[PDB]
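Protein chains: 2
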Amino acid sequence: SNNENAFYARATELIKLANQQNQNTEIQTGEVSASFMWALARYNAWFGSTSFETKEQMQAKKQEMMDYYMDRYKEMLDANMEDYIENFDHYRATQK
Amino acid sequence: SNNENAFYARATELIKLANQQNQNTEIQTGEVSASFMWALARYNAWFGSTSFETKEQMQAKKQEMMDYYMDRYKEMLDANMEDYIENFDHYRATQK
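So, in structure tokens, the structure goes:
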């Protein structure tokens, strides 16, 4: 209905919080994005604690578990790039 | 006061939203982190529009602006890894 197969509705509330922080006039739009950035950096690293049993074997996997933290929202990120990229001419055509 | 140099007091509200969705007992903590993942992807792709002048050049920079998304919350992510890692000897001791 509102979401097809993905958690669109829920993840949308995550961004909804960011909207409130960006409502401040003297704040940079880049401050809120970076806040979401740092927030994911903490929230997503939480799963390191379930990679291995000992911190010894866990620590060696830091780079391996993080390979799917950097890269793994990137294809979905690019999927939102085109919305502005291939539509540039359209938006460029609506500005008068 | 609630943050030193970084937007700790702000980014924590972003995670705070995740806390509400994490209140759903039948859901895994991972379905919330994944939402934050997809959410950040959409939010970061916004900056693509202010990267270049034409979509021709802009589109060719997508992977370059999408180098500093993935590979940039990286260092701040591992910064959280070490925290839990070094304190494994601590957490393992406080729990049974």
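Chains as they are written, first to last, in PDB author numbering: chain A, 1 to 96; chain B, 201 to 296. Heads up, the beta-carbon is just placed ideally off N, CA and C, and yes, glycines get one too.
Determine the burial state of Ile85(A): buried for a count of at least 16 other Cβ atoms within 10 Å of its Cβ, exposed for fewer. Mapped onto the first sequence, residue 85(A) falls at position 85. With 16 or more other Cβ atoms within 10 Å, it is buried.
Should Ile227(B) go down as buried or exposed, given a rule of 16 or more other Cβ atoms within 10 Å for buried? Along the second sequence, one-based indexing puts residue 227(B) at 27. Flag for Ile227(B) reads exposed.
Between which two residues does the alpha helix (DSSP H) harbouring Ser35(A) extend? Here the question's residue 35(A) lines up with position 35 in the first sequence. Here the alpha helix (DSSP H) through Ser35(A) covers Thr29 to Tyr43.
Taking a Cβ distance cut-off of 9 Å, strictly less, list which residues of the region 70-86 of chain A are near chain B, in chain order. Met70, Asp71, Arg72, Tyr73, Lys74, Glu75, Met76, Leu77, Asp78, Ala79, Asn80, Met81, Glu82, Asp83, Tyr84, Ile85 and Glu86
Tell whether a beta-carbon distance below 8 Å holds between residue 150(B) and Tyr69(A). Because chain B in this structure spans residues 201 to 296, residue 150(B) falls outside the shown range and cannot be described.
Quick one: is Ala260(B) buried, meaning 16 or more other Cβ sit within 10 Å of its Cβ, or exposed? Within the second sequence, the letter at position 60 stands for residue 260(B). Classification for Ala260(B): exposed.
Can you check whether the C-beta of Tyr243(B) is within less than 8 Å of a C-beta belonging to chain A? On the second sequence, position 43 is the one that residue 243(B) refers to. At least one chain A Cβ lies under 8 Å of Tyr243(B).
Taking the alpha-carbon of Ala45(A) as reference, which of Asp67(A), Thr94(A), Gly30(A) and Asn24(A) has the nearest alpha-carbon? Position 45 of the first sequence, counted from the start, is the residue given in the question as residue 45(A). Per the Cα distances, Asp67(A).
Verify the CB distance criterion: does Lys96(A) have a CB-CB separation below 8 Å to chain B? One-based indexing of the first sequence puts residue 96(A) at position 96. No, no contact with chain B.
So, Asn19(A) versus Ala9(A), is the Cβ gap smaller than 8 Å? Residue numbering aside, residue 19(A) sits at position 19 when the first sequence is read from its first letter. Residue numbering aside, residue 9(A) sits at position 9 when the first sequence is read from its first letter. Contact: no.
Within its chain, find whatever has a CB closer than 6 Å to the CB of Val32(A); leave out the 5 residues flanking it on each side and keep chain order. Taking the first residue of the first sequence as position 1, residue 32(A) is located at position 32. Result list for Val32(A): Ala18, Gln21 and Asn22, in chain order.
Just the chain B side, please: which residues come within less than 7 Å of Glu31(A) by C-beta, in chain order? Along the first sequence, one-based indexing puts residue 31(A) at 31. In chain order: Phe207.
By Cβ distance, which residues of its chain are closer than 7 Å to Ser251(B), with the 5 residues on each side in sequence left out? Taking the first residue of the second sequence as position 1, residue 251(B) is located at position 51. Excluding sequence neighbours, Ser251(B) sits near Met258, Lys261 and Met265.
Cβ pair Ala11(A), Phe207(B) closer than 8 Å: Start at 1 with the first residue of the first sequence, and residue 11(A) comes out as number 11. Start at 1 with the first residue of the second sequence, and residue 207(B) comes out as number 7. No. Outside cutoff.
Between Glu75(A) and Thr29(A), what straight-line distance do the alpha-carbon atoms span, to the nearest angstrom? If you number the first sequence from 1, residue 75(A) lands on position 75. If you number the first sequence from 1, residue 29(A) lands on position 29. Using only the alpha carbons, I get a separation of about 23 Å.
So with CB distances below 7 Å, who are the chain A contacts of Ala218(B)? Counting from 1 along the second sequence, the entry for residue 218(B) is found at position 18. The answer, in chain order, is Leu14 and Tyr43.
Comparing the C-beta of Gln223(B) with each C-beta of chain A, is any distance below 8 Å? Sequence index remark: in the second sequence, residue 223(B) carries index 23 (1-based). So, not an interface residue.
Between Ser1(A) and chain B, is the shortest Cβ-Cβ distance under 8 Å, so that the two count as touching? If you number the first sequence from 1, residue 1(A) lands on position 1. By this cut-off, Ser1(A) is not an interface position.
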